[PDB]
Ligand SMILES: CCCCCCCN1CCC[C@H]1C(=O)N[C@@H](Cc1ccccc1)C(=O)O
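Starting off, we have a lone chain in the form solved without the named molecule, written out as structure tokens.
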């Protein structure tokens, strides 16, 4: 079969289609127009975007396809190096770090993180309890305060102290501005008009490198048994080697960013869908009240929040917050009986489109129905992939879910929520997705919160 392709712009081919602040949303629209697969060409490159469970299931066969670094991940790699997210599977440091850090995401590990998660969650609740009448909440902003603080404390024993700030933490400001500068630069000339951009860039890289330095120095100065403990001391059972110093620095930056941005988006979209679906809200709120019987939640009680977990999975169905991942053909192969591929050919999996495959989910794919997740074996293999695929799947999945379940459960226990502005969904795309400008009012249920 000859592959569909979107509209062209002469020698630039399809490239100008991505000249938008919302490329993933643009690609979704193209997918709706063209179907389960389409080719996308730019000068010097080609990729094929996949949207159906039938094709994506084959792309997820690790004997045939491996993780690729898309253009986006190559760019991030200048900052995240050969950390876990931006390493190739065949680089020695991938499997070494995987094996060293996997234990940091065990059950015993999650039990160990729980107390510090509650520390940050209690700060969020107290914030909202302390608002005056008729004041509102800036949802993605507060969720990011929470999730940045949580990875800093749980992972690193570092306090970002984001609830003591009206502005973003300087580390995040410097990361975003360093990423932007790196991007604007390619598209420009050593005009001394750009000497100031270069000065700002050095200062932002310094902010990042100083934080990394400080995380490491504070630990050496200090018994912890957290993510940073395993980075600094753990040995790979296979090679017998620990991580090298440079790789440790890349892991710290990778985890600080990866370990919060997508989770903030998930909590934000979950609350959005709950306020837009009051009967679902009522069910989740009822579960929180019935389960969360103590002044602060226990690990076991978070595990008991089945419906809250279904809400979170449904939010990930509709708006998976790391919405695309890339693969390459390990050898020449034919995809779906129809599309020949050569060794090295790139594929992109459009997760939001996969999650709207009517042949899997039924016709009502735009509806928010947590109940889809009530009998989990009923979800076909490779139908639901918000955490990626195979050995290159999200290492932090359990950490994200535990944090989000805890936090959303506490939110629902302690407050009633109002969509006071009748908010119109506007999804901002960065490395992640978020509902930009989402605001609510939260009226306290006046339920005491433990220490």
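Residue numbers count along the first chain shown, from 1.
A second form of this protein, the form solved in complex with the named molecule, is not displayed here; the remarks below concern that form.
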query	finding
Non-hydrogen atom contact residue 221 with the named molecule in the deposited complex at 4.5 angstroms	no
Touches the named molecule in the deposited complex: residue 324 (any heavy atom, 4.5 Å)	yes
4.5 Å heavy atom contact, residue 42 and the named molecule in the deposited complex	yes
Partner contact for residue 27 in the deposited complex: the named molecule, 4.5 angstroms, heavy atom	yes
Contacting member of 217, 193, 334, 186, with respect to the named molecule in the deposited complex [4.5 Å, heavy atom]	186
Residue (of 275, 285, 248, 348) lying close to the named molecule in the deposited complex, criterion heavy atoms within 4.5 Å	348
The named molecule in the deposited complex: contacting segment from 302-310, 194-202, 69-77, 232-240, heavy atom within 4.5 Å	69-77
